[PDB]
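Undergrad: Dropping in structure.cif, which is mmCIF, C-alpha atoms and all ligand atoms:
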```cif
data_query
#
loop_
_atom_site.label_atom_id
_atom_site.label_comp_id
_atom_site.auth_asym_id
_atom_site.auth_seq_id
_atom_site.Cartn_x
_atom_site.Cartn_y
_atom_site.Cartn_z
CA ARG A 11 0.00 0.00 0.00
CA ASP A 12 1.00 3.67 -0.33
CA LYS A 13 -0.20 4.98 3.05
CA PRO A 14 2.09 6.77 5.58
CA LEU A 15 4.16 4.40 7.74
CA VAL A 16 5.98 5.90 10.74
CA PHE A 17 8.27 3.58 12.69
CA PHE A 18 9.07 4.95 16.14
CA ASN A 19 11.02 4.39 19.38
CA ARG A 20 12.70 1.27 17.94
CA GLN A 21 14.63 1.82 14.72
CA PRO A 22 14.40 -0.87 11.99
CA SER A 23 17.81 -2.58 11.95
CA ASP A 24 20.01 -5.62 12.54
CA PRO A 25 20.14 -6.42 16.27
CA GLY A 28 23.67 -3.03 13.79
CA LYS A 29 22.98 -1.19 10.53
CA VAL A 30 19.62 0.43 9.77
CA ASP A 31 17.15 -1.72 7.84
CA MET A 32 16.99 0.58 4.81
CA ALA A 33 14.86 -2.02 3.05
CA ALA A 34 12.08 -1.15 5.50
CA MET A 35 12.71 2.61 5.46
CA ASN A 36 12.27 2.65 1.68
CA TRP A 37 8.92 0.86 1.89
CA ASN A 38 7.54 3.96 0.19
CA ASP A 39 8.30 7.69 0.04
CA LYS A 40 5.90 8.22 2.96
CA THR A 41 7.86 6.05 5.40
CA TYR A 42 9.82 7.66 8.23
CA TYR A 43 11.27 6.94 11.66
CA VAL A 44 10.85 9.01 14.82
CA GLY A 45 13.28 8.67 17.73
CA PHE A 46 15.85 10.72 19.62
CA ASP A 47 19.55 11.56 19.46
CA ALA A 48 20.44 8.70 21.81
CA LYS A 49 24.17 8.25 21.08
CA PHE A 50 24.76 11.89 22.07
CA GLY A 51 22.93 11.65 25.40
CA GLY A 52 26.11 11.32 27.43
CA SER A 53 27.64 14.30 25.66
CA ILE A 54 24.66 16.44 26.63
CA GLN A 55 24.89 15.51 30.32
CA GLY A 56 28.58 16.38 30.18
CA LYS A 57 27.82 19.69 28.50
CA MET A 58 25.25 20.54 31.18
CA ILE A 59 27.84 19.85 33.88
CA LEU A 60 30.56 21.86 32.10
CA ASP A 61 28.28 24.86 31.54
CA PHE A 62 27.26 24.79 35.19
CA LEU A 63 30.90 24.95 36.27
CA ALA A 64 31.69 27.62 33.68
CA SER A 65 28.93 29.82 35.11
CA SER A 66 30.06 29.16 38.69
CA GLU A 67 32.12 31.35 40.99
CA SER A 68 35.14 29.99 42.88
CA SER A 69 32.64 29.04 45.61
CA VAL A 70 31.87 25.67 43.97
CA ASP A 71 35.39 24.73 45.02
CA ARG A 72 34.30 24.11 48.61
CA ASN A 73 37.70 23.45 50.19
CA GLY A 74 39.40 25.88 47.82
CA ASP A 75 42.18 23.47 46.84
CA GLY A 76 41.91 24.45 43.17
CA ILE A 77 40.39 21.05 42.42
CA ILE A 78 36.82 20.28 41.42
CA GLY A 79 36.21 16.90 43.04
CA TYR A 80 33.22 14.76 42.13
CA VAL A 81 31.75 11.37 42.96
CA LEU A 82 30.06 9.25 40.30
CA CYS A 83 27.10 6.89 40.59
CA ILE A 84 27.50 4.14 38.01
CA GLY A 85 24.28 2.28 37.24
CA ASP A 86 25.55 -0.86 35.54
CA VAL A 87 29.05 -1.53 34.21
CA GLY A 88 27.63 -3.74 31.46
CA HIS A 89 24.69 -1.54 30.44
CA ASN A 90 25.11 0.65 27.35
CA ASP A 91 23.16 3.60 28.75
CA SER A 92 25.32 3.58 31.87
CA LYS A 93 28.55 3.41 29.88
CA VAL A 94 27.52 6.14 27.44
CA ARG A 95 26.65 8.53 30.27
CA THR A 96 29.82 7.73 32.21
CA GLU A 97 31.92 8.23 29.07
CA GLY A 98 29.99 11.40 28.32
CA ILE A 99 30.77 13.14 31.61
CA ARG A 100 34.33 11.80 31.92
CA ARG A 101 35.25 13.03 28.44
CA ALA A 102 33.61 16.39 29.16
CA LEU A 103 35.61 16.79 32.37
CA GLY A 104 38.80 15.39 30.83
CA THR A 105 38.99 12.44 33.22
CA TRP A 106 38.35 9.87 30.47
CA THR A 107 41.00 7.17 29.91
CA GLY A 108 39.15 4.87 27.50
CA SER A 109 37.15 2.93 30.10
CA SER A 110 33.71 3.46 31.62
CA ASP A 111 34.56 1.17 34.55
CA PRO A 112 34.85 2.41 38.13
CA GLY A 113 38.41 3.19 39.24
CA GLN A 114 39.40 4.09 35.67
CA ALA A 115 39.71 7.88 35.61
CA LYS A 116 42.57 10.35 35.27
CA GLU A 117 42.99 13.93 36.48
CA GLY A 118 40.87 16.26 34.36
CA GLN A 119 40.33 19.95 33.67
CA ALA A 120 37.45 22.42 33.66
CA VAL A 121 36.96 26.18 33.63
CA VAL A 122 35.23 27.90 36.55
CA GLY A 123 34.52 31.63 36.31
CA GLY A 124 37.16 32.03 33.62
CA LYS A 125 39.80 30.14 35.63
CA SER A 126 41.22 26.69 34.94
CA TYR A 127 40.68 24.04 37.62
CA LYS A 128 41.89 20.48 38.00
CA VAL A 129 39.15 17.85 38.05
CA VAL A 130 39.36 14.64 40.07
CA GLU A 131 36.92 11.77 40.13
CA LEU A 132 37.23 11.13 43.87
CA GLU A 133 35.36 7.88 43.34
CA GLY A 134 33.14 6.20 40.77
CA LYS A 135 31.14 3.22 42.00
CA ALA A 136 28.65 0.73 40.58
CA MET A 137 25.39 0.86 42.54
CA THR A 138 24.27 -2.72 43.09
CA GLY A 139 21.80 -4.15 45.59
CA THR A 140 22.30 -7.15 47.84
CA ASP A 141 19.88 -8.96 45.52
CA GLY A 142 22.17 -8.13 42.59
CA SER A 143 19.83 -5.49 41.18
CA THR A 144 21.58 -2.67 39.29
CA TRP A 145 20.95 1.09 39.18
CA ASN A 146 20.29 0.51 42.87
CA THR A 147 18.85 3.53 44.66
CA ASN A 148 19.49 2.20 48.17
CA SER A 149 23.18 1.58 47.48
CA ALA A 150 23.39 5.13 46.14
CA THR A 151 21.94 6.47 49.39
CA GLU A 152 24.42 4.42 51.41
CA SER A 153 27.39 5.27 49.18
CA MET A 154 26.57 8.97 49.37
CA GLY A 155 26.49 8.83 53.16
CA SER A 156 29.89 7.13 53.22
CA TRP A 157 31.27 9.56 50.64
CA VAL A 158 30.43 12.52 52.88
CA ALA A 159 32.17 10.80 55.79
CA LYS A 160 35.23 9.88 53.72
CA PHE A 161 35.81 12.82 51.36
CA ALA A 162 33.87 15.53 53.22
CA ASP A 163 34.62 18.99 51.78
CA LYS A 164 36.51 17.50 48.81
CA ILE A 165 33.20 16.70 47.10
CA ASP A 166 32.25 19.67 44.92
CA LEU A 167 29.52 17.90 42.94
CA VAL A 168 27.73 14.57 42.55
CA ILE A 169 27.19 12.94 39.15
CA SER A 170 24.82 10.04 38.45
CA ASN A 171 24.00 7.86 35.44
CA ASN A 172 20.31 8.41 36.25
CA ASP A 173 17.73 10.28 38.33
CA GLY A 174 16.84 7.32 40.55
CA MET A 175 20.33 7.08 42.03
CA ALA A 176 20.64 10.86 42.22
CA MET A 177 17.44 11.14 44.26
CA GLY A 178 18.88 8.29 46.31
CA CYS A 179 21.90 10.45 47.07
CA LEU A 180 19.66 13.30 48.18
CA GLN A 181 18.09 10.91 50.73
CA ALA A 182 21.41 10.59 52.58
CA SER A 183 20.77 11.90 56.09
CA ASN A 184 24.03 13.85 55.82
CA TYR A 185 23.71 15.23 52.30
CA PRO A 186 25.70 18.51 52.33
CA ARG A 187 23.35 21.47 51.99
CA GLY A 188 23.30 22.84 48.46
CA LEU A 189 25.87 20.37 47.12
CA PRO A 190 25.42 20.37 43.33
CA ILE A 191 24.18 17.08 41.87
CA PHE A 192 23.18 15.91 38.39
CA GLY A 193 21.09 13.00 37.14
CA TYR A 194 19.57 11.78 33.89
CA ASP A 195 16.07 10.77 32.62
CA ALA A 196 14.01 13.80 33.71
CA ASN A 197 11.74 11.72 35.95
CA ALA A 198 8.84 13.61 37.55
CA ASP A 199 10.33 13.63 41.06
CA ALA A 200 13.70 14.66 39.61
CA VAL A 201 12.30 17.62 37.68
CA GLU A 202 10.35 18.65 40.79
CA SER A 203 13.64 18.54 42.70
CA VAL A 204 15.25 20.81 40.10
CA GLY A 205 12.39 23.24 40.64
CA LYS A 206 13.04 23.21 44.39
CA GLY A 207 16.70 24.00 43.70
CA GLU A 208 18.00 20.70 45.08
CA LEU A 209 18.82 18.43 42.15
CA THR A 210 20.90 20.70 39.91
CA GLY A 211 20.14 19.15 36.53
CA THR A 212 18.95 16.17 34.53
CA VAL A 213 18.42 15.19 30.89
CA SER A 214 15.33 14.46 28.79
CA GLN A 215 14.86 12.52 25.56
CA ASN A 216 11.86 14.77 24.82
CA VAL A 217 9.13 12.13 24.62
CA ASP A 218 6.58 14.84 23.86
CA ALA A 219 8.55 16.07 20.84
CA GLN A 220 8.73 12.49 19.56
CA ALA A 221 5.01 11.97 20.16
CA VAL A 222 4.01 15.11 18.26
CA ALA A 223 6.48 14.38 15.45
CA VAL A 224 4.86 10.99 14.82
CA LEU A 225 1.45 12.64 14.61
CA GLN A 226 2.64 15.75 12.73
CA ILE A 227 4.50 13.79 10.05
CA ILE A 228 1.34 11.78 9.46
CA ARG A 229 -0.85 14.89 9.25
CA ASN A 230 1.58 16.67 6.91
CA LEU A 231 1.55 13.65 4.60
CA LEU A 232 -2.22 13.12 4.70
CA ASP A 233 -2.77 16.86 4.21
CA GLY A 234 -0.80 16.75 0.97
CA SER A 235 2.69 17.90 1.98
CA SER A 236 5.80 16.55 0.26
CA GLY A 237 9.57 16.90 0.48
CA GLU A 238 10.96 19.22 3.15
CA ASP A 239 7.49 20.30 4.32
CA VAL A 240 6.71 16.81 5.63
CA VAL A 241 9.57 16.79 8.12
CA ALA A 242 9.81 20.53 8.86
CA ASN A 243 6.26 21.88 9.12
CA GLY A 244 4.99 21.71 12.69
CA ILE A 245 8.35 20.27 13.74
CA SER A 246 11.28 22.66 13.22
CA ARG A 247 9.09 25.55 12.06
CA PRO A 248 5.41 26.51 12.39
CA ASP A 249 2.87 24.72 10.18
CA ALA A 250 -0.01 26.46 8.41
CA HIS A 251 -1.85 26.57 11.75
CA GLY A 252 1.12 27.93 13.70
CA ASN A 253 1.75 24.68 15.57
CA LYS A 254 5.39 23.92 16.34
CA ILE A 255 7.27 21.47 18.52
CA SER A 256 9.12 23.43 21.21
CA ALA A 257 12.13 21.15 21.77
CA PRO A 258 14.91 21.08 19.15
CA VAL A 259 14.61 18.26 16.60
CA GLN A 260 16.97 16.87 13.96
CA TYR A 261 16.39 15.19 10.61
CA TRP A 262 18.71 12.45 9.37
CA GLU A 263 17.97 12.27 5.65
CA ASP A 264 19.86 9.12 4.67
CA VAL A 265 17.86 7.08 7.22
CA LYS A 266 14.65 9.14 6.97
CA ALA A 267 14.76 9.72 10.73
CA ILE A 268 13.28 12.57 12.74
CA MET A 269 15.37 12.57 15.93
CA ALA A 270 14.60 14.76 18.93
CA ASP A 271 17.57 16.33 20.70
CA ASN A 272 18.47 15.34 24.22
CA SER A 273 17.62 18.38 26.34
CA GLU A 274 19.21 19.39 29.62
CA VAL A 275 16.72 20.29 32.34
CA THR A 276 17.70 22.94 34.88
CA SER A 277 16.34 25.84 36.93
CA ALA A 278 16.02 27.66 33.60
CA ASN A 279 13.39 25.38 32.04
CA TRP A 280 12.20 22.81 34.58
CA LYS A 281 8.55 23.88 34.31
CA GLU A 282 8.55 22.62 30.71
CA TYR A 283 9.42 19.10 31.87
CA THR A 284 7.41 18.55 35.07
CA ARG A 285 4.81 15.81 35.52
CA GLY A 286 1.98 16.18 33.02
CA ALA A 287 3.58 19.16 31.29
CA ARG A 288 2.59 19.50 27.63
CA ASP A 289 3.95 21.53 24.71
CA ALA A 290 2.18 24.89 24.64
CA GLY A 291 3.35 25.20 21.03
CA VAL A 292 0.90 22.52 19.90
CA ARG A 293 -2.73 23.67 19.89
CA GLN A 294 -6.08 22.43 18.57
CA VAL A 295 -6.34 22.31 14.78
CA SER A 296 -9.51 22.67 12.72
CA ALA A 297 -9.15 19.87 10.18
CA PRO A 298 -10.83 16.66 8.97
CA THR A 299 -10.38 13.59 11.18
CA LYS A 300 -7.89 10.91 10.11
CA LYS A 301 -7.60 7.32 11.35
CA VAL A 302 -4.26 6.02 12.68
CA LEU A 303 -3.45 2.48 13.79
CA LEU A 304 -0.61 2.53 16.32
CA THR A 305 1.49 -0.41 17.54
CA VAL A 306 3.28 -0.96 20.86
CA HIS A 307 5.90 -3.70 21.19
CA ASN A 308 5.35 -4.22 24.93
CA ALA A 309 2.29 -3.27 26.97
CA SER A 310 4.30 -3.70 30.18
CA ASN A 311 7.13 -1.34 29.23
CA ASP A 312 6.92 1.43 31.82
CA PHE A 313 8.32 4.19 29.59
CA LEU A 314 5.89 3.60 26.72
CA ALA A 315 2.96 3.01 29.08
CA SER A 316 3.68 5.89 31.46
CA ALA A 317 5.22 8.53 29.17
CA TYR A 318 5.00 7.86 25.43
CA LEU A 319 1.41 6.62 25.09
CA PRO A 320 -0.07 9.34 27.34
CA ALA A 321 1.74 11.95 25.23
CA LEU A 322 0.38 10.42 22.02
CA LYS A 323 -3.15 10.40 23.43
CA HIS A 324 -2.95 14.05 24.50
CA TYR A 325 -1.61 15.48 21.24
CA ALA A 326 -3.59 13.25 18.86
CA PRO A 327 -7.00 14.88 19.32
CA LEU A 328 -5.35 18.29 18.85
CA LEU A 329 -4.12 17.13 15.44
CA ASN A 330 -7.52 15.50 14.85
CA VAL A 331 -6.04 12.00 14.79
CA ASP A 332 -8.42 9.17 15.69
CA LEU A 333 -5.83 6.94 17.34
CA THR A 334 -6.34 3.17 17.66
CA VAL A 335 -3.71 1.47 19.83
CA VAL A 336 -2.70 -2.21 19.88
CA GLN A 337 0.01 -3.66 22.12
CA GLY A 338 2.17 -6.79 22.21
CA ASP A 339 3.56 -8.90 25.04
CA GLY A 340 7.19 -7.93 24.41
CA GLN A 341 8.73 -11.27 23.44
CA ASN A 342 7.17 -12.41 20.15
CA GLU A 343 6.62 -10.22 17.09
CA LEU A 344 3.37 -12.11 16.49
CA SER A 345 1.71 -10.45 19.49
CA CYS A 346 1.71 -7.24 17.42
CA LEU A 347 1.25 -8.64 13.90
CA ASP A 348 -1.89 -10.51 14.96
CA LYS A 349 -3.42 -7.24 16.16
CA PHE A 350 -2.08 -5.49 13.05
CA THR A 351 -5.19 -6.07 10.92
CA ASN A 352 -8.14 -4.19 9.39
CA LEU A 353 -5.59 -2.00 7.63
CA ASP A 354 -8.15 -0.91 5.03
CA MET A 355 -9.85 1.11 7.78
CA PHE A 356 -6.94 3.45 8.59
CA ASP A 357 -5.30 6.37 6.77
CA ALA A 358 -1.85 5.96 8.33
CA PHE A 359 0.20 3.66 10.56
CA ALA A 360 2.71 4.02 13.40
CA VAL A 361 4.71 0.89 14.18
CA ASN A 362 6.81 0.04 17.24
CA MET A 363 8.08 -3.51 16.76
CA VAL A 364 9.73 -5.84 19.26
CA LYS A 365 12.36 -7.09 16.80
CA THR A 366 14.07 -4.29 14.88
CA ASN A 367 14.65 -6.58 11.89
CA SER A 368 10.95 -7.45 11.57
CA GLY A 369 10.19 -4.60 9.18
CA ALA A 370 9.26 -6.91 6.32
CA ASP A 371 6.60 -8.73 8.35
CA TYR A 372 4.52 -5.55 8.63
CA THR A 373 5.00 -4.33 5.06
CA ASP A 374 3.84 -7.75 3.85
CA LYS A 375 0.47 -7.25 5.56
CA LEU A 376 0.22 -3.87 3.83
CA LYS A 377 -0.22 -5.59 0.44
CA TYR A 378 -3.35 -7.70 1.00
CA CA B 401 37.91 21.23 45.80
#
```
Using structure tokens, write down the structure that the file contains.
TA:
Amino acid sequence: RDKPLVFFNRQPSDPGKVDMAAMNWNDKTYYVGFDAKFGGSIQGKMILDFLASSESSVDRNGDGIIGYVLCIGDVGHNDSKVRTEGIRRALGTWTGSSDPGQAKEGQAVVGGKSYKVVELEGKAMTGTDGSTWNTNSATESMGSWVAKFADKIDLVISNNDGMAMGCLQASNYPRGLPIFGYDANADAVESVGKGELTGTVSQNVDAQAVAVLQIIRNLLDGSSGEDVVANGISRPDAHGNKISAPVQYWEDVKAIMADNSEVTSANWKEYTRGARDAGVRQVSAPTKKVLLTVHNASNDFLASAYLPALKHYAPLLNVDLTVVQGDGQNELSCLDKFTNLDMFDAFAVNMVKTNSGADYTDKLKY
């Protein structure tokens, strides 16, 4: 068939190269995701810009060193390693390894002056039960870090929000000690608003949600070429709607990729629980039917963040959204519910196996 087909959240590929056979299903096929590989770089940037804007006061003991402690989530997990590498490279403490204990003396500018940077300690947070990204171990480690390093700690850095909020639960957390996380969880963004957590990082789920719906509307409304991926996304559409977060377009892979955004005192209100893009308003237009797929009904992120975003923005773009969800293990749990395709004007597919692009395009021929 020749209807719009927007893959999202999981990019068609070998589980490593993009499945360009799927992407070229037709000239109305796209992918929507986010700039994942650069996530660590953005956390690092946030931390560097914070220090750059700081006075000499952030150097608590005034030894000309910016000392930090690092919460590692999982030494074998890609997201942990990317975020560790991201902040270590940014601070110049990177040696080629994301492992704990593997850092060198670094450098960073504070108030126009060069400071040494030392990773006082980086530690994997693991529970007694073996569970990783462990919040309780973070709380305990933070408490011990205060006792051991005391005024040497100038900031705390964490692979995620969960562990960072764990650190803030330490009964002896030094008052006003800067600390940074990652994920932009609700409680984390709230903390940023209260001036406790210093920063975190968002993948902009809302931007991704709107982009899926906007690409579809642009296509069904008769747009072609640059308009399809720009209107309502990186510039206002005919109605004035426009995604607020920055978004990229990767042409060779037909991918609309939201930036990773840092979340600080400067913009936390835009990322709090239930916050929605004020740049996307109700449109007066004919209703269009969209069948949307979810690879796992039990996935917390898709269930708690992505789907609710989709359901909020869809009626504003006059999209009648029908959602079907799989179990998370077999591709059939989605394909079976991927029927009645003659009833819909467009399709958004989130498959469990990235290489299963051909299974869906086959059903689009009947
Ligand atoms: Ca110091």
Undergrad: Show me the residues close to (21.1, 3.3, 11.9) - anything with an atom within 12 Å, counting only C-alpha atoms - and format the list as an MDAnalysis selection string.
TA: chainID A and resid 20:25 28:32 34:35 43 45:49 262:267 269 366:367
Undergrad: What's the 9 Å shell around segment 342-346 of chain A, counting all atoms listed in the file, without same-chain residues fewer than 3 positions away, as number ranges by chain?
TA: A: 305-308, 336-339, 349-350, 362-365, 368, 371
Undergrad: Taking into account all atoms listed in the file, which residue in the set A:130, A:204, A:297, A:15 is nearest to ligand CA 401 (chain B)?
TA: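 Once distances to ligand CA 401 (chain B) are computed over all atoms listed in the file, the minimum belongs to A:130.
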Undergrad: Find the residue from A:335, A:44, A:87, A:370 that sits nearest to residue 216 of chain A; use all atoms listed in the file when measuring.
TA: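 Under the stated criterion, the closest residue is A:44.
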Undergrad: With distances taken over all atoms listed in the file, which of A:148, A:110, A:171, A:273 is nearest to residue 50 of chain A?
TA: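 When distances to residue 50 of chain A are compared using all atoms listed in the file, the smallest one comes from A:273.
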Undergrad: Around ligand CA 401 (chain B), which protein and nucleic acid residues have at least one atom no more than 10 Å from it, if we count only C-alpha atoms and all ligand atoms? List them as a list in words.
TA: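 The neighbouring residues of ligand CA 401 (chain B) are, in order, residues 68, 69, 70, 71, 72, 73, 74, 75, 76, 77, 78, 79, 80, 127, 128, 129, 130, 163, 164, 165, 166 and 167 of chain A.
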Undergrad: Counting all atoms listed in the file, select every polymer residue within 12 Å of (17.7, 7.5, 46.1) as defined in the file's coordinates, and provide the selection as an MDAnalysis selection string.
TA: chainID A and resid 83 137 145:155 170 172:183 185 193 199:200 209
Undergrad: In Å, how far is it from atom CA of residue 186 of chain A to atom CA of residue 158 of chain A?
TA: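 Answer for the atom CA of residue 186 of chain A to atom CA of residue 158 of chain A separation: 7.7 Å.
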Undergrad: Which one of A:108, A:252, A:327, A:211 sits closest to residue 194 of chain A if you count only C-alpha atoms?
TA: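 Using only C-alpha atoms, the shortest distance to residue 194 of chain A belongs to A:211.
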Undergrad: Need to verify the contact set: residue 107 of chain A, 12 Å, only C-alpha atoms, exclusion of same-chain residues closer than 2 positions in sequence. Can you return it as a ChimeraX atom specification?
TA: /A:96-105,109-118,131
Undergrad: Any idea what the distance is between atom CA of residue 210 of chain A and atom CA of residue 284 of chain A?
TA: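 Distance reported for this atom pair: 14.5 Å.
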Undergrad: So, counting only C-alpha atoms, which residue among A:256, A:235, A:296, A:277 is closest to residue 202 of chain A?
TA: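 Result for the nearest residue to residue 202 of chain A: A:277.
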Undergrad: Could you jot down the atom CA of residue 288 of chain A to atom CA of residue 237 of chain A separation for me, Å, one decimal place?
TA: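 About the pair atom CA of residue 288 of chain A and atom CA of residue 237 of chain A: they are 28.2 Å apart.
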Undergrad: Build an axis-aligned box that encloses every atom of segment 245-260 of chain A listed in the file, pad it by 4 Å on each side, and report its centre and edge lengths in Å to one decimal, as AutoDock Vina command-line options.
TA:
```
--center_x 7.6 --center_y 22.4 --center_z 15.1 --size_x 26.8 --size_y 19.1 --size_z 21.4
```
Undergrad: Select, from A:59, A:52, A:123, A:82, the residue with the minimum atom-to-atom distance to residue 94 of chain A, counting only C-alpha atoms.
TA: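 Closest to residue 94 of chain A, using only C-alpha atoms: A:52.
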